[PDB]
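The chain that follows stands alone, in the form deposited without this ligand, written as structure tokens.
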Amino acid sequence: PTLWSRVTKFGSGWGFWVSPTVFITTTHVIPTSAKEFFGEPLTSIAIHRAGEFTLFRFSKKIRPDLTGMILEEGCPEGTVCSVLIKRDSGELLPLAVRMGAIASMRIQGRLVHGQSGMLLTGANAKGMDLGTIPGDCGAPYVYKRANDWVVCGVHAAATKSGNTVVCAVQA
């Protein structure tokens, strides 16, 4: 009965269960030495990568407690999403982000491609929480539309200021 339930610690960051068999994450957090994930051998896992966005489809239900949600290739410009950040502290941190255009976007010295957005906290977090930290990568971008939650990508990067974030998206 909760979206928070779907946000799972993974590699150097997090990922998100879209359904009992589909898990999405940020490509840079995935382990580079692995034979199995969540007790299924890589043998049995379809991997689909598109830049900083990776989708895994398992051959058996890993989370049969979940129903399948809508996944979309980003959202309409001006949509206000929630980035669902979990911290190792036990803290849950849903932050509002106004989404902008698809772009390639030089984020502290790095070329990153995805949908840009700006945190509504503007306070421009520098250790009060209120913004993202490197450890948060792979957290999902969701919003409510009619009666349904939509997930439209995963957290790939953020600028020192904290104002600008990049959501990696399905191709």
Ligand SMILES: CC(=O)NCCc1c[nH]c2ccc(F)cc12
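For clarity, a rigid core is taken as the largest C-alpha set superposing within 1.5 Å between two forms. Only residues modelled in both forms are compared. One-based numbering along the sequence shown.
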Higher-scoring stretch by recorded Cα B factor average, 111-119 or 22-30: 111-119
Of 44-52 and 135-143, the one with larger mean CA B-factor: 44-52
Within-chain third of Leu3 by Cα B-factor, per the entry: middle
Where the record places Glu72 (Cα B-factor, split into thirds across the chain): middle
Chain third (lowest, middle, highest) by recorded CA B-factor, residue given as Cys167: middle
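A second form of this protein, the form deposited with this ligand bound, is not displayed here; the remarks below concern that form.
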Exercise: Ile62 in contact with this ligand in the bound PDB entry, heavy atom 4.5 Å: yes
Sequence-ordered list of residues in 5-31 near this ligand in the bound PDB entry, where near means a heavy atom within 4.5 Å: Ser5, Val7, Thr8, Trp17
From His48, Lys60, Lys126, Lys144, residue displaced between the shown form and the other one - CA threshold 2 Å or more, rigid core: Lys126
Displaced residue check between the shown form and the other one: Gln108, CA, 2 Å or over, core reference: yes
Shift of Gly78 between the shown form and the other one at or above 2 Å (CA, core fit): no
In the bound PDB entry, whether the C-alpha atoms of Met128 and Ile85 sit closer or farther than here (change of 3 Å or more): closer
Pair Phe37/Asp88, Cα separation in the bound PDB entry versus the displayed form, closer or farther by 3 angstroms or more: farther
Runs in sequence order between the shown form and the other one, three or more residues long, with CA shifts of 2 Å or more on the rigid core: 87-90, 108-110, 122-128
